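Read through the structure below, which is laid out as structure tokens, and then see the notes.
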Amino acid sequence: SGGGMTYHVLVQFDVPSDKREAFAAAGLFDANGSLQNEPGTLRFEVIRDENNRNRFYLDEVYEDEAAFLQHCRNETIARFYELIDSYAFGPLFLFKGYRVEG
Amino acid sequence: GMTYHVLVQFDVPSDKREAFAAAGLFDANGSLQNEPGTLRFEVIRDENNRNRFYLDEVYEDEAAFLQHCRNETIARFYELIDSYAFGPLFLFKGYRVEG
Amino acid sequence: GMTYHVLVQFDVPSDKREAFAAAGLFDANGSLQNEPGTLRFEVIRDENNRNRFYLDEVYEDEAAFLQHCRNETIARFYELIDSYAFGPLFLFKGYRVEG
Amino acid sequence: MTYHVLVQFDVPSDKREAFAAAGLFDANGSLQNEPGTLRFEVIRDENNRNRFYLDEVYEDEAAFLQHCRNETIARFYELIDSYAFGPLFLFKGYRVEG
Amino acid sequence: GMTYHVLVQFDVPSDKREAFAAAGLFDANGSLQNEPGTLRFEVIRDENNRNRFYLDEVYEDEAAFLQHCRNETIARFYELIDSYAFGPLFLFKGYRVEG
Amino acid sequence: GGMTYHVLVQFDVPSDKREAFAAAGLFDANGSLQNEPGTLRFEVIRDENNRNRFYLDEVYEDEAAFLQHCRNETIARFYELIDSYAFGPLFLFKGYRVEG
């Protein structure tokens, strides 16, 4: 109710087989640090592919595009990329878009 | 919890943008009203591609998605869009990581 | 046996599903009958997307695929579908691993 | 009208031979022991040396699900679990009869 | 690194192949003549898919790309193609590796 | 010949091989441009955000010039350099430039 046209960002990552737990922790660090400290970050979910064990998705929702750009500039995402720099493939942006309200 | 996430992609002709958005919202609202296992259903338009839409669906488990698949709302949704829409293309199906 | 496998993807309008199926079957049967290097040719429809079709082609070697590409059967195939079909999108080309 | 499943895998450069053997194990074990499994081919990309494809044919969709809960595919995933990227399903579908 | 490269993909109906080429050419020429930060803009047709086009664009930096996105040429390009073209789909954005 | 042949290629590399691939891609670019008359342009591009992903933007006189490139020694050495780590090539497209 009353959410407006929120900004949806879907990200895809692949990681080596021995980094599945490491990336899950890094993704949750990103989700929790972002949701705790960035008001414009409304939702941040880490999703594991049902069959592809090395593939992960981030389903992120922001108040608007400006809030996503602010997130991209903040400390949490910088630390996230420090954590995964040694192994992770990505980010591949599956899409960015606006919610159709109704 | 460890919910089941399904992301779908649809492409429509340029004169069917309003028609598909209404159909997708019908799908979202009808599913949330009639299906206890359907927890979240959002229609998303690509930020630049005006002919591409996404469905972001969340279910209790996979069984609830399969129930959605055999229910009345999705069948009516496809009767509405079959003549013009291109899809579904499943971008992924997956489970949420708890934490 | 290190045969050459080519996988191709096509998208068609909703009212052209039967016409593309017929054109794809012509391509398969014409190529298998008239091209000694063409060993297998199947038309596959997507289980969920009623507008998406795949061609699964097997050749003696890569040279036999390039010959197919220069032959008359595929030319007639593209003549049939040119006004409506979207493609080809090659999903892969590769060699069978023997064993 | 047979049921066709196309799967895609990526593997590290030093695991190409390991995956090919695992895919062939999957193919031969499935064809020998699963009456619903009709065809199973392992394909290497012509240029992408780390990318492989599985081209599988079943008598129907139920036979594919039966394959999916049998022993051979479980041993296949045991062989590749420590390195393989995938499965990515390129498509599942039915052959057009004719 | 150096220059900022943007690769875009469009799909059009079979009867709009000439229209889109003219539109992409209008976009390319209008942007190169008029935008100093727009260094290269190429329209490319797929070698086999007659309905798929690619735009290969190079800018001085990302700001020059965002400026291009705000100019009148791209706005007119999208007015020309809005009724039929499918896109844009961004294949990638990146920086040239120097050397 | 009024239509050049454009080939777009995509690679992924392990995180510790980014500099190695950049050097390998530049060897390929400079070796091809210096020794292949049919090779008109060859650029190595890194993804703006995907740090393990690279692209090759290649332009040839015609399709025959691309196939000749594929048979020459520069690309063979390129694949020797990257054999032990690189994922790819994935061809994003091959196509012809529109004139006007």
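Throughout, protein chains are lettered first and strands after them, A, B, ... in sequence-line order, and every chain is numbered starting at 1. Side-chain atoms are counted along with the backbone in the values below, which use heavy atoms only and exclude waters and symmetry mates.
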Open item on the list: As an exercise: rank A:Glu45, A:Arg55, A:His8 by heavy-atom pairs under 4.5 Å with chain B and give me the winner.
Closed with: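 With the most close heavy-atom pairs to chain B, the winner is A:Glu45.
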
TODO: Find the one option among A:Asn52, A:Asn51, A:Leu10 whose heavy-atom pairs under 4.5 Å with chain B are most numerous.
DONE: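 Max contact count across the listed options: A:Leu10.
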
Open item on the list: Counting only heavy atoms not in A:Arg43 (residues, nucleotides, ligands), do more than 12 fall under 6.0 Å from its CZ?
Closed with: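 Atom CZ in A:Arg43 is crowded, with more than 12 foreign heavy atoms closer than 6.0 Å.
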
Open item on the list: Please determine whether the number of non-hydrogen atoms from other residues, nucleotides or ligands lying under 6.0 Å from atom CD of B:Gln33 exceeds 12.
Closed with: no

TODO: Search all heavy atoms of A:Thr41 against all heavy atoms of A:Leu35 and return the closest pair with its distance.
DONE: O-CD2, 3.4 Å

TODO: Ignoring hydrogens and angles, tell me if any N or O in the side chain of A:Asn54 forms a donor-acceptor pair with the backbone of A:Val15 under 3.5 Å.
DONE: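 Yes.
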
Open item on the list: If I take atom CZ from residue B:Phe77 and atom CG from residue B:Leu80, how far apart are they, to the nearest 0.5 angstrom?
Closed with: 8.0 Å

Task: Under 4.5 Å from any heavy atom of chain B - which part of A:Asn32 - done: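 Contact with chain B: side chain only.
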
Task: Toward chain B, the part of A:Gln12 with a non-hydrogen atom under 4.5 Å - done: neither

- [ ] With a 4.5 Å heavy-atom cut-off (strictly below), which parts of residues 57-67 of chain A touch chain B? List them by number.
- [x] A:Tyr57, A:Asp59

Task: Pair B:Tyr4 + B:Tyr95: ring centers closer than 6.0 Å - done: yes

- [ ] Begin from the C-alpha positions of A:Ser17 and A:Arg20 and carry the test side chain to side chain donor-acceptor pair (under 3.5 Å) through to its verdict.
- [x] CA-CA 6 Å; A:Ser17 291; A:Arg20 295 169 187 159; 3.3 Å; yes

TODO: Classify the ring geometry between B:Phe20 and B:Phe53 as parallel (under 30°), tilted (30 to 60°) or perpendicular (over 60°).
DONE: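 If you compare the ring of B:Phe20 with that of B:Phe53, the planes turn out tilted.
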
